[PDB]
>>> print(open('entry01.pdb').read())   # PDB, C-alpha atoms
MODEL        1
ATOM      1  CA  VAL A   7     -22.954 -15.089   5.041  1.00  0.00           C
ATOM      2  CA  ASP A   8     -25.208 -16.000   2.218  1.00  0.00           C
ATOM      3  CA  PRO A   9     -23.176 -14.968  -0.679  1.00  0.00           C
ATOM      4  CA  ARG A  10     -26.353 -14.752  -2.651  1.00  0.00           C
ATOM      5  CA  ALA A  11     -28.212 -12.315  -0.376  1.00  0.00           C
ATOM      6  CA  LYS A  12     -29.168  -8.703  -1.123  1.00  0.00           C
ATOM      7  CA  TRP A  13     -26.356  -6.311  -0.434  1.00  0.00           C
ATOM      8  CA  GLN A  14     -26.625  -4.381   2.828  1.00  0.00           C
ATOM      9  CA  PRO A  15     -24.247  -1.618   3.260  1.00  0.00           C
ATOM     10  CA  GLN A  16     -22.907  -0.395   6.533  1.00  0.00           C
ATOM     11  CA  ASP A  17     -21.066   2.771   7.189  1.00  0.00           C
ATOM     12  CA  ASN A  18     -18.794   1.845  10.068  1.00  0.00           C
ATOM     13  CA  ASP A  19     -15.884  -0.136   8.896  1.00  0.00           C
ATOM     14  CA  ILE A  20     -14.093   0.701   5.712  1.00  0.00           C
ATOM     15  CA  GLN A  21     -12.075  -2.509   5.747  1.00  0.00           C
ATOM     16  CA  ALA A  22     -15.118  -4.684   5.493  1.00  0.00           C
ATOM     17  CA  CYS A  23     -16.726  -5.686   2.215  1.00  0.00           C
ATOM     18  CA  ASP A  24     -20.119  -4.347   3.144  1.00  0.00           C
ATOM     19  CA  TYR A  25     -18.946  -0.826   3.643  1.00  0.00           C
ATOM     20  CA  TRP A  26     -21.363   1.305   1.609  1.00  0.00           C
ATOM     21  CA  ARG A  27     -18.762   2.636  -0.944  1.00  0.00           C
ATOM     22  CA  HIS A  28     -17.488  -0.748  -1.983  1.00  0.00           C
ATOM     23  CA  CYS A  29     -20.871  -1.664  -3.562  1.00  0.00           C
ATOM     24  CA  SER A  30     -19.112  -2.331  -6.830  1.00  0.00           C
ATOM     25  CA  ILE A  31     -15.570  -3.135  -5.708  1.00  0.00           C
ATOM     26  CA  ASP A  32     -13.679  -5.977  -7.290  1.00  0.00           C
ATOM     27  CA  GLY A  33     -10.250  -6.780  -5.840  1.00  0.00           C
ATOM     28  CA  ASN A  34      -8.785  -5.527  -2.492  1.00  0.00           C
ATOM     29  CA  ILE A  35      -9.274  -2.469  -0.282  1.00  0.00           C
ATOM     30  CA  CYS A  36      -6.296  -0.056  -0.381  1.00  0.00           C
ATOM     31  CA  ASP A  37      -6.866   0.843   3.188  1.00  0.00           C
ATOM     32  CA  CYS A  38      -5.392  -2.606   4.020  1.00  0.00           C
ATOM     33  CA  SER A  39      -1.991  -2.250   2.493  1.00  0.00           C
ATOM     34  CA  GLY A  40      -0.822   1.262   3.175  1.00  0.00           C
ATOM     35  CA  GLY A  41      -3.275   3.336   1.252  1.00  0.00           C
ATOM     36  CA  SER A  42      -6.509   4.879   2.348  1.00  0.00           C
ATOM     37  CA  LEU A  43     -10.149   4.804   1.422  1.00  0.00           C
ATOM     38  CA  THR A  44      -9.273   7.365  -1.310  1.00  0.00           C
ATOM     39  CA  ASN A  45      -5.417   7.427  -1.686  1.00  0.00           C
ATOM     40  CA  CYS A  46      -2.982   4.886  -3.010  1.00  0.00           C
ATOM     41  CA  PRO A  47      -0.297   3.255  -0.900  1.00  0.00           C
ATOM     42  CA  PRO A  48       3.266   4.357  -1.172  1.00  0.00           C
ATOM     43  CA  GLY A  49       5.056   3.091  -4.314  1.00  0.00           C
ATOM     44  CA  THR A  50       1.967   2.407  -6.461  1.00  0.00           C
ATOM     45  CA  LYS A  51       0.591   4.357  -9.415  1.00  0.00           C
ATOM     46  CA  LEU A  52      -2.869   5.999  -9.408  1.00  0.00           C
ATOM     47  CA  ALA A  53      -4.881   5.229 -12.518  1.00  0.00           C
ATOM     48  CA  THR A  54      -6.789   7.857 -14.355  1.00  0.00           C
ATOM     49  CA  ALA A  55      -9.343   5.192 -15.406  1.00  0.00           C
ATOM     50  CA  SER A  56     -12.149   3.598 -13.398  1.00  0.00           C
ATOM     51  CA  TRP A  57     -15.459   1.835 -13.270  1.00  0.00           C
ATOM     52  CA  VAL A  58     -18.283   3.562 -11.591  1.00  0.00           C
ATOM     53  CA  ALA A  59     -21.207   2.618  -9.481  1.00  0.00           C
ATOM     54  CA  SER A  60     -23.901   4.407  -7.680  1.00  0.00           C
ATOM     55  CA  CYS A  61     -23.958   3.226  -4.103  1.00  0.00           C
ATOM     56  CA  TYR A  62     -26.393   3.895  -1.310  1.00  0.00           C
ATOM     57  CA  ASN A  63     -25.182   5.727   1.812  1.00  0.00           C
ATOM     58  CA  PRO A  64     -27.269   4.233   4.482  1.00  0.00           C
ATOM     59  CA  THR A  65     -26.335   7.010   6.746  1.00  0.00           C
ATOM     60  CA  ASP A  66     -27.702   9.898   4.815  1.00  0.00           C
ATOM     61  CA  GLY A  67     -30.171   7.964   2.739  1.00  0.00           C
ATOM     62  CA  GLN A  68     -28.361   9.216  -0.400  1.00  0.00           C
ATOM     63  CA  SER A  69     -26.532   7.688  -3.341  1.00  0.00           C
ATOM     64  CA  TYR A  70     -23.252   8.716  -4.658  1.00  0.00           C
ATOM     65  CA  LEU A  71     -21.353   7.915  -7.710  1.00  0.00           C
ATOM     66  CA  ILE A  72     -18.246   5.920  -6.787  1.00  0.00           C
ATOM     67  CA  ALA A  73     -15.195   5.930  -9.136  1.00  0.00           C
ATOM     68  CA  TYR A  74     -13.213   2.855  -8.624  1.00  0.00           C
ATOM     69  CA  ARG A  75      -9.721   3.811  -9.566  1.00  0.00           C
ATOM     70  CA  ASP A  76      -7.041   1.207  -9.130  1.00  0.00           C
ATOM     71  CA  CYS A  77      -3.537   1.722  -7.604  1.00  0.00           C
ATOM     72  CA  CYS A  78      -1.140  -0.142  -9.769  1.00  0.00           C
ATOM     73  CA  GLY A  79       2.256  -1.290 -10.609  1.00  0.00           C
ATOM     74  CA  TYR A  80       2.403  -3.816  -7.871  1.00  0.00           C
ATOM     75  CA  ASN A  81       1.331  -7.326  -7.321  1.00  0.00           C
ATOM     76  CA  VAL A  82      -2.084  -7.898  -5.677  1.00  0.00           C
ATOM     77  CA  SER A  83      -1.995  -6.954  -1.965  1.00  0.00           C
ATOM     78  CA  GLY A  84      -3.727 -10.044  -0.837  1.00  0.00           C
ATOM     79  CA  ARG A  85      -5.359  -8.279   2.098  1.00  0.00           C
ATOM     80  CA  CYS A  86      -9.027  -7.491   2.379  1.00  0.00           C
ATOM     81  CA  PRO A  87     -10.425  -8.970  -0.756  1.00  0.00           C
ATOM     82  CA  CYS A  88     -13.941  -8.194  -1.964  1.00  0.00           C
ATOM     83  CA  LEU A  89     -16.141  -8.695  -4.963  1.00  0.00           C
ATOM     84  CA  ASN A  90     -19.361  -6.671  -4.948  1.00  0.00           C
ATOM     85  CA  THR A  91     -21.439  -6.173  -8.077  1.00  0.00           C
ATOM     86  CA  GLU A  92     -24.186  -3.687  -7.275  1.00  0.00           C
ATOM     87  CA  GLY A  93     -25.439  -2.767 -10.678  1.00  0.00           C
ATOM     88  CA  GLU A  94     -22.536  -4.197 -12.601  1.00  0.00           C
ATOM     89  CA  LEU A  95     -23.107  -4.611 -16.358  1.00  0.00           C
ATOM     90  CA  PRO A  96     -21.513  -6.864 -18.961  1.00  0.00           C
ATOM     91  CA  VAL A  97     -18.056  -6.124 -20.480  1.00  0.00           C
ATOM     92  CA  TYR A  98     -19.755  -4.453 -23.406  1.00  0.00           C
ATOM     93  CA  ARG A  99     -20.750  -1.575 -21.047  1.00  0.00           C
ATOM     94  CA  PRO A 100     -17.284  -0.930 -19.518  1.00  0.00           C
ATOM     95  CA  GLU A 101     -18.111   2.114 -17.552  1.00  0.00           C
ATOM     96  CA  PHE A 102     -19.847  -0.261 -15.181  1.00  0.00           C
ATOM     97  CA  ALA A 103     -17.849  -3.413 -15.743  1.00  0.00           C
ATOM     98  CA  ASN A 104     -15.666  -4.554 -12.861  1.00  0.00           C
ATOM     99  CA  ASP A 105     -13.594  -7.475 -14.223  1.00  0.00           C
ATOM    100  CA  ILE A 106     -11.582  -5.004 -16.313  1.00  0.00           C
ATOM    101  CA  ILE A 107      -8.146  -3.840 -15.049  1.00  0.00           C
ATOM    102  CA  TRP A 108      -8.715  -0.131 -14.540  1.00  0.00           C
ATOM    103  CA  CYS A 109      -5.097   0.901 -14.445  1.00  0.00           C
ATOM    104  CA  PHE A 110      -5.138   2.974 -17.619  1.00  0.00           C
ATOM    105  CA  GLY A 111      -3.474   6.214 -16.969  1.00  0.00           C
ATOM    106  CA  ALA A 112      -1.181   5.216 -14.114  1.00  0.00           C
ATOM    107  CA  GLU A 113       2.292   6.668 -14.477  1.00  0.00           C
ATOM    108  CA  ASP A 114       5.103   4.706 -15.782  1.00  0.00           C
ATOM    109  CA  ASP A 115       2.597   2.503 -17.587  1.00  0.00           C
ATOM    110  CA  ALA A 116       1.712   0.541 -14.527  1.00  0.00           C
ATOM    111  CA  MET A 117      -1.005  -2.013 -15.514  1.00  0.00           C
ATOM    112  CA  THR A 118      -0.615  -4.619 -12.703  1.00  0.00           C
ATOM    113  CA  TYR A 119      -3.403  -4.656 -10.115  1.00  0.00           C
ATOM    114  CA  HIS A 120      -2.609  -3.896  -6.471  1.00  0.00           C
ATOM    115  CA  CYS A 121      -5.750  -2.455  -4.897  1.00  0.00           C
ATOM    116  CA  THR A 122      -8.763  -0.232  -5.511  1.00  0.00           C
ATOM    117  CA  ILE A 123      -9.850   3.062  -3.847  1.00  0.00           C
ATOM    118  CA  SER A 124     -13.431   4.229  -3.304  1.00  0.00           C
ATOM    119  CA  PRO A 125     -13.532   7.968  -3.652  1.00  0.00           C
ATOM    120  CA  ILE A 126     -16.878   9.701  -4.140  1.00  0.00           C
ATOM    121  CA  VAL A 127     -17.107  11.447  -7.415  1.00  0.00           C
ATOM    122  CA  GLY A 128     -20.578  13.014  -6.998  1.00  0.00           C
ATOM    123  CA  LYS A 129     -24.244  12.310  -5.991  1.00  0.00           C
ATOM    124  CA  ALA A 130     -26.520  10.177  -7.156  1.00  0.00           C
TER     125      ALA A 130
ENDMDL
END
>>> encode(input="entry01.pdb", output="structure tokens")
Amino acid sequence: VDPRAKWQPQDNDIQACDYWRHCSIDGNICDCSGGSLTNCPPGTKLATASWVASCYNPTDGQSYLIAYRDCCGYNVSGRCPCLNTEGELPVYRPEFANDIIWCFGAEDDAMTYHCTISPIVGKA
């Protein structure tokens, strides 16, 4: 609703695109295809790479640094797709660029995009 409205995180449903940790997610939630909010689904490869974002936790009033690591080596899940860009910068500032395939580091050289996890990597 109103794709152009200020982002408004919630902290009650991790499979929804307004869940506080997905503030800078681009792709699909791993929780919808066998993974978890922070683990990859069976069969995929965990990347070492990621894009980060600092997202507001409405529940505690704090901000944490989210490292969006992708689970790869599989075709896109197709379930629970999101595209949030809270504080996303141009490609020339990769650390915060979310159109990039952040599969670097996955075993076996997996570079195909399946889904993205939202683990917290630290405050603020």
>>> residues_around(input="entry01.pdb", residues="residue 22 of chain A", least_positions_apart="4", cutoff="10 Å", atoms="all atoms listed in the file", output="list in words")
residues 15, 16, 17, 18, 26, 28, 35, 86, 87 and 88 of chain A
>>> atom_distance(input="entry01.pdb", atom1="atom CA of residue 55 of chain A", atom2="atom CA of residue 129 of chain A")
19.0 Å
>>> closest_residue(input="entry01.pdb", among="A:51, A:75, A:10, A:99", to="residue 31 of chain A", atoms="only C-alpha atoms")
A:75
>>> resolve_selection(input="entry01.pdb", expression="the PyMOL selection byres ((chain A and resi 40) around 12)", output="PDB file with C-alpha atoms, keeping the file's coordinate frame")
ATOM      1  CA  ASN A  34      -8.785  -5.527  -2.492  1.00  0.00           C
ATOM      2  CA  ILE A  35      -9.274  -2.469  -0.282  1.00  0.00           C
ATOM      3  CA  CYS A  36      -6.296  -0.056  -0.381  1.00  0.00           C
ATOM      4  CA  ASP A  37      -6.866   0.843   3.188  1.00  0.00           C
ATOM      5  CA  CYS A  38      -5.392  -2.606   4.020  1.00  0.00           C
ATOM      6  CA  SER A  39      -1.991  -2.250   2.493  1.00  0.00           C
ATOM      7  CA  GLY A  41      -3.275   3.336   1.252  1.00  0.00           C
ATOM      8  CA  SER A  42      -6.509   4.879   2.348  1.00  0.00           C
ATOM      9  CA  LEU A  43     -10.149   4.804   1.422  1.00  0.00           C
ATOM     10  CA  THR A  44      -9.273   7.365  -1.310  1.00  0.00           C
ATOM     11  CA  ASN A  45      -5.417   7.427  -1.686  1.00  0.00           C
ATOM     12  CA  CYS A  46      -2.982   4.886  -3.010  1.00  0.00           C
ATOM     13  CA  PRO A  47      -0.297   3.255  -0.900  1.00  0.00           C
ATOM     14  CA  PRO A  48       3.266   4.357  -1.172  1.00  0.00           C
ATOM     15  CA  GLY A  49       5.056   3.091  -4.314  1.00  0.00           C
ATOM     16  CA  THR A  50       1.967   2.407  -6.461  1.00  0.00           C
ATOM     17  CA  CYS A  77      -3.537   1.722  -7.604  1.00  0.00           C
ATOM     18  CA  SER A  83      -1.995  -6.954  -1.965  1.00  0.00           C
ATOM     19  CA  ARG A  85      -5.359  -8.279   2.098  1.00  0.00           C
ATOM     20  CA  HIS A 120      -2.609  -3.896  -6.471  1.00  0.00           C
ATOM     21  CA  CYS A 121      -5.750  -2.455  -4.897  1.00  0.00           C
ATOM     22  CA  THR A 122      -8.763  -0.232  -5.511  1.00  0.00           C
ATOM     23  CA  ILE A 123      -9.850   3.062  -3.847  1.00  0.00           C
TER      24      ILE A 123
END
>>> residues_around(input="entry01.pdb", residues="residue 104 of chain A", least_positions_apart="3", cutoff="10 Å", atoms="only C-alpha atoms", output="count of residues only")
20
>>> closest_residue(input="entry01.pdb", among="A:54, A:60, A:21, A:14", to="residue 72 of chain A", atoms="only C-alpha atoms")
A:60
>>> atom_distance(input="entry01.pdb", atom1="atom CA of residue 53 of chain A", atom2="atom CA of residue 84 of chain A")
19.3 Å
>>> atom_distance(input="entry01.pdb", atom1="atom CA of residue 128 of chain A", atom2="atom CA of residue 113 of chain A")
24.9 Å
>>> residues_around(input="entry01.pdb", residues="residue 126 of chain A", least_positions_apart="5", cutoff="7 Å", atoms="only C-alpha atoms", output="list in words")
residues 70, 71, 72 and 73 of chain A
>>> closest_residue(input="entry01.pdb", among="A:125, A:78, A:130, A:93", to="residue 110 of chain A", atoms="all atoms listed in the file")
A:78
>>> closest_residue(input="entry01.pdb", among="A:24, A:105, A:115, A:66", to="residue 12 of chain A", atoms="all atoms listed in the file")
A:24
>>> axis_aligned_box(input="entry01.pdb", around="segment 120-128 of chain A", padding_each_side="5 Å", output="lines of an AutoDock Vina configuration file")
center_x = -11.6
center_y = 4.6
center_z = -5.4
size_x = 28.0
size_y = 26.9
size_z = 14.1
>>> closest_residue(input="entry01.pdb", among="A:116, A:76, A:25, A:81", to="residue 62 of chain A", atoms="all atoms listed in the file")
A:25
